[PDB]
């Protein structure tokens, strides 16, 4: 055991710098900054000194376990250029907690979370001009941890690479205003199972998801509604946690989300939304199981107000439509404002871009 340390950072500035993109015409994860973080690991010598250096291709042995046995995990967090032109990270300690936990579950070697965060701060600081000059755009931070074991043996890797990429991203839909998603619901496909890795951000979870995603796009849907179990539990909306704002069976007004029972990725946005709803104390907040039957029963009873997905990329993604067993189930999210969705988006946006102070934000070192 041990860790790489930020104070040992070897910075190799780029001699040639790239023109930044137009913040208004940005496709997600397409454009990359001048520099990246890389840290080598071996079982023999442990963590090498971390490097900030020019963005380059990785030279990987073709037997690298990341390519064969998906010995890999990632994270998604953002840096935001605020209204006061100060750059802020948003709850980055929750990403470090989740990446550590993912590393343990992948059997990739542990590291000091404070040392990674500080290494990421230095990377964003070097490339701080890539944090878009726009109140509707952000720098996407992609920490990645891959096994580079050069053997086809299925085992704990004896070699690993931890690297970070920065990618400037614009608003979720390039129109800026709310574009509601249609969800493809086919229970033939299952994202995660009890005793699986669904509650970790491990690459394996996404490779298996990709067929259903393409099947969704074919039928005019943007995301997959992930169903689980005999009773068709609604779990996640694609790459996002699932929120339902409704009148519940007891007749109380309720914000409901599936509980962290192993098949749900504990999202940062999900945490923040639950924290806000609790704090406001205006309606019942329930981590509880939701079925398609629960949802359709409520729809014919006009009890559904809003449904939305939460995640680092979209923050709040309203749901208008679900395609399930060949019928098109409409969700009246956009006909109800969407009131709660708009309030959450505005609250999180205000915090991220420094319009109000919060413990959730850290100004860049």
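Think of the rigid core as the biggest set of C-alphas that the two forms share within 1.5 Å after superposition. Positions refer to the first chain, counted from 1.
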query: Line up the rigid core: which moves more in 6 other deposited structures of this protein, 182 to 190 or 166 to 174, by C-alpha RMS?
result: 166 to 174
field: 46 to 54 versus 64 to 72 - greater average Cα B-factor per the deposited record
entry: 46 to 54
query: Which wins on mean Cα temperature factor, 168 to 176 or 185 to 193?
result: 168 to 176
query: For the listed residues 323, 340, 31, 314, which one has the largest C-alpha B-factor as given in the deposited model?
result: 323
Highest recorded Cα temperature factor - choice among 227, 139, 116, 154: 154
query: Sorting the chain's CA B-factors, does residue 319 end up in the lowest, middle or highest third?
result: lowest
statement: By the entry's values, the third containing the CA B factor of residue 24 is the highest
Third of chain Cα B-factors occupied by residue 131: lowest
- request: Within this chain's modelled residues, let me know which third the CA B factor of residue 207 belongs to: lowest, middle or highest.
  value: middle
field: Third of the chain, ranked by Cα B-factor, where residue 12 sits
entry: highest
